[PDB]
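Here we start with a single chain on its own, the form deposited in one PDB entry, put down as structure tokens.
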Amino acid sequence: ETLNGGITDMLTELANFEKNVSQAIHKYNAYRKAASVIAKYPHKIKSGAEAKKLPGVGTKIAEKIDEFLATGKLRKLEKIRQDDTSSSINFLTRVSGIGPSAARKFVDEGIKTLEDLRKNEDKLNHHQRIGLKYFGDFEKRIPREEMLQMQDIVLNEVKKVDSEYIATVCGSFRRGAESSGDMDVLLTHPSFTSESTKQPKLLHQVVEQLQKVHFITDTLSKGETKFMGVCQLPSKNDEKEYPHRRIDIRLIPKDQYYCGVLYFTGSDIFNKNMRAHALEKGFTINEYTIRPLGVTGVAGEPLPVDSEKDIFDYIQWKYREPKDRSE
């Protein structure tokens, strides 16, 4: 956790680059198990050979660990930090819409910067365009005090459209968090479930409402159940308009709201121990359901949940206020 921090980190840079610049997934994958093992490892790796000793740790990695331990640095790491090509790919990639794949193409065409991007707005698609338009705003975190106004909004219009809607703002917002990065809304309706055959309108009508009153400004992606957009809190009395914010909205069968709802609330960490404990308590849990684990090895059967309450209970746990879901 700090004993092998450097090593784990360099390995991480190294891993990252494989995947992003080069396309060495295998190699890339290599750095990752390595870092994961050297991460859990209890002592102070004093050398390469010491590390080699681990699974995941081969000769190459070992070599690296050595040079790194030997001197506060790594050549290859040094060479990568310079190389403008590598840097460019790391940067283009910040644009929502551009991944490595694409980060690669554009570079090979000469688009390496933001400007390049603007000039070549033609080669970009819709999402990327948006991303480009809001690069800045995209990176600003969401101050909790804003979230409240936002939540305040979605929740009223959702209501107006249908009294039966049930929206929940999950995420870190939901977890206490002073600021968050995106707004995720969970959505269900009594009239939408496991079996029931669809009702896309369910998701569409709200989306519309939101843009009706101008809270949603753009559409990144709109499906029958998942919507990815951009939104903004109405600028008050002209002087300080708000940044454009990322927002996702998801339709869920009413029969698996809470699992989902619970689940998005995270944190990853809160998740697992819950999952793990659930496993003890004789269960199973995922994004949509909880299930009584048979003994034959495994087994299913969607336990019936009417709250986050019904869940914990299952696993015979203490109901965790959202804040306390930290880990």
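The first residue of the sequence shown is number 1, and the count goes up from there. Only residues modelled in both forms are compared. The term rigid core refers to the most C-alpha atoms you can superpose between the two forms while keeping them within 1.5 Å.
The following text describes the form deposited in another entry, which does not appear among the structures shown.
- Core-aligned CA deviation for residue 198 between this form and the one not shown: 2 Å or greater.
- Taking the rigid core as fixed, one finds a CA shift for residue 84 smaller than 2 Å between this form and the one not shown.
- Comparing the forms between this form and the one not shown on their rigid core, the Cα displacement of residue 74 reaches 2 Å or more.
- The pair residue 16 and residue 95 approaches in that other deposited form: their C-alpha atoms are at least 3 Å nearer to each other than in the form depicted.
- Shown here is a form in which the CA atoms of residue 163 and residue 311 lie at least 3 Å closer together than they do in that other deposited form.
- Residues present in both forms were considered; between this form and the one not shown, the rigid-core fit shows Cα displacements of 2 Å or more across three or more consecutive positions at 2-81, 197-200, 266-327.
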